[PDB]
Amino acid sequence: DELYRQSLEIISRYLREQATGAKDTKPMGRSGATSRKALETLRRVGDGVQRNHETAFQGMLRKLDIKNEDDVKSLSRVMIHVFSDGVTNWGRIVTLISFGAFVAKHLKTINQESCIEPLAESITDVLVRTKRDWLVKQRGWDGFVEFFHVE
């Protein structure tokens, strides 16, 4: 499943980098150029999204009461509820990932960094399993990058 692996490398790097403040300088895998431009796209757009929904993000974070990895594994159901039904567009997907980053920052603050990568997996798993065909028709991460690109 190459779509899942690409999505997880992008999402995982964006989440851990938002939580630690440090960029990950390890080379990317195949489709490296696209994934690097996708992660740059998320650094430009994602922080605007998080500031924009700060009130709603904080409310939802508190209502989910995340404390350990078992809590992290119990988040897919609400995630799926909020994300699955209705219209899909790239902004919705950025919002998914962006709240992911918001939560990853929280996990780092309560010294639960080890939960960031299960978080990332859960996010990727919900994305690819619920939006795969859409992702394929928007040409995947190249479609994402082209969508948010301005010259």
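Under this definition, the rigid core comprises the largest set of C-alpha atoms superposing within 1.5 Å between the forms. Throughout, we count residues from 1 along the sequence that is shown.
Undergrad: Do the Cα atoms of 48 to 56 or of 117 to 125 sit farther, on average, from the shown structure in 6 other deposited structures of this protein when the rigid core is superposed?
TA: Between 48 to 56 and 117 to 125, greater C-alpha deviation in 6 other deposited structures of this protein belongs to 48 to 56.
Undergrad: Where do the C-alpha atoms have the higher mean temperature factor in this entry, in 25 to 33 or in 40 to 48?
TA: Looking at the recorded C-alpha B-factors, 25 to 33 comes out higher on average.
Undergrad: When the C-alpha temperature factors are averaged for each of 65 to 73 and 97 to 105, which stretch ends up with the higher value in the entry?
TA: 65 to 73 has the higher mean C-alpha B-factor.
Undergrad: Looking at the entry's B-factor column for C-alpha atoms only, identify whether residue 114 ranks in the lowest, middle or highest third of its chain.
TA: Ranked within chain, residue 114 CA B lands in the highest tercile.
Undergrad: Can you work out whether the C-alpha temperature factor of residue 142 puts it in the lowest, middle or highest third of the chain?
TA: According to the entry, residue 142 has a C-alpha B-factor in the chain's middle third.
Undergrad: Among the modelled residues of its chain, does the C-alpha B-factor of residue 56 lie in the lowest, middle or highest third?
TA: Ranked within chain, residue 56 CA B lands in the lowest tercile.
Undergrad: Going by the recorded CA B-factors, say which third of the chain residue 13 sits in, lowest, middle or highest.
TA: Residue 13: CA B-factor falls in the middle third of its chain.
Undergrad: What third of the chain, by the recorded C-alpha B-factor, contains residue 123?
TA: For residue 123, the deposited C-alpha B-factor lands in the lowest third.
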